[PDB]
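K.L.:
part one of the complex, left exactly where it sits:
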Amino acid sequence: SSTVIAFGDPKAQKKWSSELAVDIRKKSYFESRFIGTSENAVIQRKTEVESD
């Protein structure tokens, strides 16, 4: 015959890759543009309880 290491034989070495595939984060809409401390902002932030 002739040697065949074949598929799935415990001799068949497998190499694991170190690089990670990441399901990247959904891009946020309400970024620093909209949120503001002034009156002219879609999302106002109230600093009346941040230190009190």
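P.N.:
Right, received. Where do you want to start? Residues are numbered from 1 along each chain as shown, chains lettered A, B, ... in the order given.
K.L.:
what segments of chain A are helices?
P.N.:
If DSSP state H is used as the criterion, chain A turns out to lack helices entirely.
K.L.:
what about the strands in it?
P.N.:
Using DSSP state E, the strands of chain A run over residues A:35-36, A:43-44.
K.L.:
give me the contacts around the first one.
P.N.:
The reference is to strand A:35-36. Contacts to strand A:35-36, defined as CB atoms under 8 Å, 6 or more residues apart in numbering, come from residues A:41-45. All C-beta spots, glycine's among them, are computed from the backbone N, C-alpha and C.
K.L.:
add chain B to what we have:
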Amino acid sequence: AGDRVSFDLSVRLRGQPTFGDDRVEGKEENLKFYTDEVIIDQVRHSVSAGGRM
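P.N.:
Once chain B is put in with the chains from before, the structure reads:
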């Protein structure tokens, strides 16, 4: 050149001595040679190392 070599054995002298004055010429033991032979043939085998996979 050959495929067979033969080698011989010379067995001992077994016989009867002629006691007295009995005439011995003509009663002569023959040397017995025994033969044997050995023959030569090839003996080969082969091993396989797989593929490139």
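K.L.:
and the contacts of strand A:35-36, now that chain B is in?
P.N.:
Strand A:35-36 is contacted from outside by A:41-45, using CB atoms under 8 Å, 6 or more residues apart in numbering or on different chains.
K.L.:
so which bits of chain B are right by chain A?
P.N.:
Within chain B, the positions near chain A by CB under 8 Å from any CB of the partner chain are B:48-51.
K.L.:
before we move on, back to that, got the contacts of strand A:35-36 as a markdown table, with neighbour count columns?
P.N.:
Rendered in a markdown table, the data for the contacts of strand A:35-36 read as follows (neighbours: other CB atoms under 10 Å in any protein chain shown):
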| residue | neighbour count |
| --- | --- |
| A:41 | 12 |
| A:42 | 9 |
| A:43 | 9 |
| A:44 | 12 |
| A:45 | 10 |
